[PDB]
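Chains as they are written, first to last, in the authors' numbering: chain C, 3 to 260; chain D, 3 to 260; chain A, 3 to 260; chain B, 3 to 260.
The beta carbon of each residue, even a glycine, is placed where N, CA and C say it ideally should be.
There are 4 protein chains.
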Amino acid sequence: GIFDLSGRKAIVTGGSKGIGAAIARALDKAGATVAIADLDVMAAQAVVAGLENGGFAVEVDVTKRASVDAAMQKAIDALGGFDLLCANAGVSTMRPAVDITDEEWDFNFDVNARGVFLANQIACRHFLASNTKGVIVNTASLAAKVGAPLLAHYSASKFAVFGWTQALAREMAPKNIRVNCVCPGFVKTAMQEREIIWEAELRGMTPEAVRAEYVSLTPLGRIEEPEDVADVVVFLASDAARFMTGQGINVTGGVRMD
Amino acid sequence: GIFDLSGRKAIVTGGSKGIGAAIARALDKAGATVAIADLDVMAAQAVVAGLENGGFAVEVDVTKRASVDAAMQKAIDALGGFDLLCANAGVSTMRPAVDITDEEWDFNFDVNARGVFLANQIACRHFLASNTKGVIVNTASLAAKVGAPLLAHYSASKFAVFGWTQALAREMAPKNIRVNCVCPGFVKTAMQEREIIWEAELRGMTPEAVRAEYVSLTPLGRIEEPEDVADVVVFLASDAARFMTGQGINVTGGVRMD
Amino acid sequence: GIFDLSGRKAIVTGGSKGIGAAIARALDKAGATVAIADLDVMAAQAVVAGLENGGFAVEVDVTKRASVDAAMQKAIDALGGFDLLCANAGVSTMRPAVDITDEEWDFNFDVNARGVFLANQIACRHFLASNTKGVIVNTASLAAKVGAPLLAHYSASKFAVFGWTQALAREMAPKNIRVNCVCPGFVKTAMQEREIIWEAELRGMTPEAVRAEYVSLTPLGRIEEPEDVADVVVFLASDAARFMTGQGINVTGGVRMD
Amino acid sequence: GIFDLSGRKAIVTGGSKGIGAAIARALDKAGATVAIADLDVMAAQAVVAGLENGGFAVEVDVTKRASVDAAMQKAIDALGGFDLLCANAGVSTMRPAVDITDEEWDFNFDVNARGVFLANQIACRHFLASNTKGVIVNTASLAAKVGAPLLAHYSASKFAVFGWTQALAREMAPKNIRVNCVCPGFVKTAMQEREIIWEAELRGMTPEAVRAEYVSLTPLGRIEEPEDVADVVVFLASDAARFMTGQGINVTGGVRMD
Ligand SMILES: NC(=O)c1ccc[n+]([C@@H]2O[C@H](COP(=O)([O-])OP(=O)(O)OC[C@H]3O[C@@H](n4cnc5c(N)ncnc54)[C@H](O)[C@@H]3O)[C@@H](O)[C@H]2O)c1
Ligand SMILES: NC(=O)c1ccc[n+]([C@@H]2O[C@H](COP(=O)([O-])OP(=O)(O)OC[C@H]3O[C@@H](n4cnc5c(N)ncnc54)[C@H](O)[C@@H]3O)[C@@H](O)[C@H]2O)c1
Ligand SMILES: NC(=O)c1ccc[n+]([C@@H]2O[C@H](COP(=O)([O-])OP(=O)(O)OC[C@H]3O[C@@H](n4cnc5c(N)ncnc54)[C@H](O)[C@@H]3O)[C@@H](O)[C@H]2O)c1
Ligand SMILES: NC(=O)c1ccc[n+]([C@@H]2O[C@H](COP(=O)([O-])OP(=O)(O)OC[C@H]3O[C@@H](n4cnc5c(N)ncnc54)[C@H](O)[C@@H]3O)[C@@H](O)[C@H]2O)c1
């Protein structure tokens, strides 16, 4: 029925692990055929090896236009079509705002904001040229809704993703192309493992005291899983969401309400 | 599946027509057994007659605590259980702010805000007594996000639904109970058909010109249908939305982005 | 100066004590002549007596249209004019959401939401009749932006003030009338003193531990004063805010950012 | 008065013309001594000649750390102090989203986001080294709140300013440093004059049809002047705004309500 993705062809950037790998598995379960584009091709291959409908693994660096152009064309050729882009790749570093370096400012913006711009822009050109009712889902963040201390540069780059998402949605809507983002909470991935260590170091706490504090900040009372985000991305990709565009959907267990 | 409602027991207030009827039908199609509570029990039984998984129709006036309490108990008894509430009943009148009467202020607040309060409160008491991981979806409005001219009292009452939703969601979260709302845009039902002719008069326009304006204000390029909303209500009821609570989900065709 | 209110005629509802009393004193200091309409006229008379520019105290119950109509006319007649309304009167009770009584629901909505509706509606009728560049500032709350546990009914009533404010602002803007609201944080008045007791009992804490928690939740690191709110109300009344209408200005010391 | 800026030492980036020059003039009128830092140092000298309290003109390119560091030190030395930064420099280009170039992507982010980051970060270092209760006001945009078609890249960069502002505010509040931003609507400057010609060409309209459309979207019913923004910046800089930080204050004439 209306949540079904049978026959559709999807690309997921940053799909080798964490949230992106969960997105790839959820799209596949819902009936899609999935290409994963990532820095880490061998992990991408291992995810694909477990998919029902097959799929494809390609190397990409989302910071570079020429890499995104080539990886997307390669994926599209392999898939035999293109209906859906999940632009999920992202990074962070943690620093007091007064100490943020230009190198880490650029690192955060070029993956998180420019990475989404390039994948989205190139996807829309392909949708328009094939006359496809394409769909996009971007992975933003809680930090796209509320600026986070020690992550002031990461917050700025995730606000940028959400603004991009809204403006692109307005331009794409008369073409019947939808564009939304999800804003996850405290998701237990390798990113969380890093950030609890960084926060613990900066605050003079233990890493597990820091992870306990995340849970205590979450009304639903548990740490978030990649799968909590992935099932929402499937909804946003599907015809159940046909009258929804330019949204930043919170998946945070009650931390943020919009 | 994670989008399905197989075996769930649901109550829909205001389920006899328009958005609420489409909600009852969507819940049923997803696998739920549905009780409809409405002022118009004959129209309610008519919707129930076409459902796949059975169902039940009961009389209710959502403005009155004794009525809500008796209807809810009767519906639960008939269902053999209770997992889901969709509090959808609602009304409007259009009028210049300077001319709003106390009678129409009360009409809007008593059905829209008080009606959601009473059905939500009594539902939560039932969920808690049974240790049920209960779910609520309230029908709010685009007018809960942006104040609308000629609907100042209507806007206030819908903002109230949204405020109630967030606060209740914060209290119910540690009890494993979720509470969200949907904010529909311009929906083709008898509320719209009423509204458009009266809006035209007040604005010194023709009714086809007013309708045409709603279309051009919608990025996705069409009038909204009750099914556009009902499918989003199914997702919010389902385990795919298990990590989402206290939200106001826009279903407006891109008119509003949050 | 563009912040000067010299020669202007103001009505403050709820101006007898706390925030309202601070608002009346700040408007007066900025050059206005101020009438205070309050349920406690003895206290209102004491505030008015100490004002630099004259003024008038009148008894009002903002829950009742006949009271608001009569008190507003009496104040306007005494002032010899009418330029500015600050509708500040408000109440609260605290209760778990599943225990909220109909009486306390009505108590909160009739004062907070209806009281603002009546005062604003009647003010606009006066402004329009005399071709006045009128201004309204409403006192909403932090709980108009974020649902507060134990204050679910209070939250819904304050969300309603904010929704009313936006819709009325859209209708009045073509007529040279502005309408905004302020959203205060944890302000040290009699309301706070009552609430910290109720909250301590409900949460099993001490009253001062509850107050300490408010402070720890506030980035600027101190409890709020009525004067912190009053000076922003002066701004919103003034010609410096001439291009601002329909806003909810947060005054919370960084607790909420919009 | 609480709106007085007597004795305070202010730096304005992008103060040579438009909104920035209006800000510089308004701060000086309020009692501040003003240094203007701009790409056009001859235009900054023109503005300083009309200030009551004297002032200083210094060349800066806000895209380059070395330039910002040097200009700010020069300004602070000239002023004999440093209490207030208004980071106002900004640029735009217009383009359909599918045609946006990497060059103009970089142009928008480097001035608008990075320019604010650099001036803000360096200012906080100086405030902290001197134990100063510093204040910052950033010039964001309506496009920091709503994604704008043809300005998708410009929107993203301005959302970035707003997120940066929130996160920095959270870090700076315990040090008694305030950080807010303003979000102007359709302001009559050379940027507007440029944008109406570009927009008219991309849409197949006249420039005066485009202008008329901005006005008809504005509830106050007129095009905005730079002074409508500058007087709000004076408020945000002053002790009247002492309990306000991390906000995006709309100055749009009712276009956007938050
Ligand atoms: N974990 C959280 O709490 C959390 C919260 C909110 C948002 N997010 C966001 O969700 C997304 C996924 O994060 P995650 O937690 O799963 O992190 P992760 O580090 O586990 O996964 C990141 C993936 O993106 C890929 N990647 C990184 N840079 C790339 C580049 N230049 N080109 C191509 N691929 C690249 C990595 O190889 C990896 O497969 C990111 O956009 C992140 O900002 C995470
Ligand atoms: N249609 C729109 O344009 C639109 C837009 C935004 C929000 N909404 C909201 O969506 C919901 C449904 O709107 P609709 O257009 O389908 O309206 P409708 O009038 O077609 O149906 C409303 C249903 O609520 C019931 N109802 C009314 N008062 C009741 C009471 N006191 N007790 C029990 N039942 C009562 C009616 O009998 C009816 O079945 C409402 O909450 C409405 O405010 C509608
Ligand atoms: N104290 C806080 O922490 C806080 C926070 C957010 C919002 N507020 C809001 O600020 C406003 C003032 O609160 P306060 O703390 O100064 O409270 P308070 O209890 O000290 O004063 C309320 C004032 O309103 C008047 N009032 C009450 N009912 C009235 C009626 N029916 N008619 C006319 N006057 C009536 C009272 O006589 C009193 O003068 C209220 O609207 C309140 O909801 C307070
Ligand atoms: N005009 C509007 O309608 C509008 C609306 C929203 C936001 N804004 C924002 O307001 C601010 C000013 O806009 P304006 O309309 O006055 O524009 P403008 O083009 O008139 O002036 C911009 C000023 O910034 C300076 N500048 C540009 N690049 C610089 C650099 N690299 N280093 C130092 N100085 C530089 C210019 O020399 C100029 O003095 C910008 O941040 C803009 O994005 C304007």
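Residue burial is scored here from C-beta neighbours: B:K147 has at least 16 other C-beta atoms within 10 angstroms and is therefore classed as buried. In the three-state reduction of the DSSP assignment, B:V70 falls in the helix class, which pools H, G and I. Not one heavy atom of ligand 3 lies closer than 6 Å to the C-beta of A:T220.
Along the length of the segment 106–181 of chain B, whole alpha helix (DSSP H) runs at least 4 residues long occupy 117–131, 154–174, reported in chain order. Chain C has a Cβ within less than 7 Å of the Cβ of B:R172. B:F237 sits in a helix when the DSSP states are folded into three classes. Counting of Cβ neighbours within 10 angstroms places B:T208 among the exposed residues, the total staying below 16. Per DSSP, reduced to three states, the secondary structure at C:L87 is strand. Residue B:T15 holds the alpha-carbon nearest to the alpha-carbon of B:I124 among B:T15, B:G256, B:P221, B:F237. For the pair C:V235 and C:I25, the CB atoms are nearer than the 7 Å cut-off. Look at D:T247: its C-beta is under 7 Å from a C-beta on chain C. Per DSSP, C:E54 lies in no alpha helix (DSSP H) and is assigned neither H nor E. Shown here, C:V231 sits in a helix according to DSSP, grouped into three states. Placement of the Cβ of A:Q168 at a distance of 6 Å or more from every heavy atom of ligand 4 is found.
C:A158 belongs to the set of residues whose beta carbon lies under 7 Å from a beta carbon in chain B. Each residue's CA atom was taken as its position, placing A:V50 and A:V36 some 8 Å apart. Checking the 6 Å criterion, the Cβ of C:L29 is out of range of every heavy atom belonging to ligand 1. Between ligand 2 and the CB of D:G22, the shortest heavy atom gap is smaller than 6 Å. Here the distance from the Cβ of A:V113 to the nearest heavy atom of ligand 3 is below 6 Å.
Shown here is that no member of the segment 136–147 of chain B has a Cβ falling below 8 Å from a Cβ of chain A. If you draw a straight line from the Cα of C:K11 to the Cα of C:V139, it comes to about 14 Å.
At least one heavy atom of ligand 2 lies less than 6 Å from the C-beta of D:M193. Relative to the non-hydrogen atoms of ligand 2, the Cβ of D:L41 comes within a distance shorter than 6 Å of at least one.
In chain order, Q249, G250, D260 make up the part of chain A whose C-beta sits under 7 Å from the C-beta of B:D260. DSSP links A:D260 through a beta bridge to no other residue. Just so you know, the alpha carbons of D:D241 and A:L7 end up roughly 57 Å apart.
Classified as buried, A:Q168 has 16 or more neighbouring CB atoms from the shown chains inside 10 Å of its CB. Assignment of D:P186 by DSSP, reduced to helix, strand and coil, places it in the strand class. Contact between C:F245 and C:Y216 does not hold, since the beta-carbon distance rounds to 34 Å and is not under 8 Å. For B:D42, the three-state secondary structure derived from DSSP is coil. Distances taken from the Cβ of C:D233 to the heavy atoms of ligand 4 include none shorter than 6 Å.
Along the segment 93–112 of chain C, going in chain order, the ones with a CB nearer than 8 Å to a CB of chain B are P98, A99, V100, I102, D104, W107, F111. Its chain contains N114, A142, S143, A145, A146 as the residues whose beta carbon lies nearer than 7 Å to that of D:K160, once the 5 sequence neighbours on both sides are disregarded; these appear in chain order.
Scanning its chain for C-beta atoms nearer than 7 Å, with the 5 sequence neighbours on each side dropped, one finds around D:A99 the residues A154, in chain order. The residue from A:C88, A:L87, A:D104, A:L29 with its alpha-carbon nearest to that of A:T95 is A:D104.
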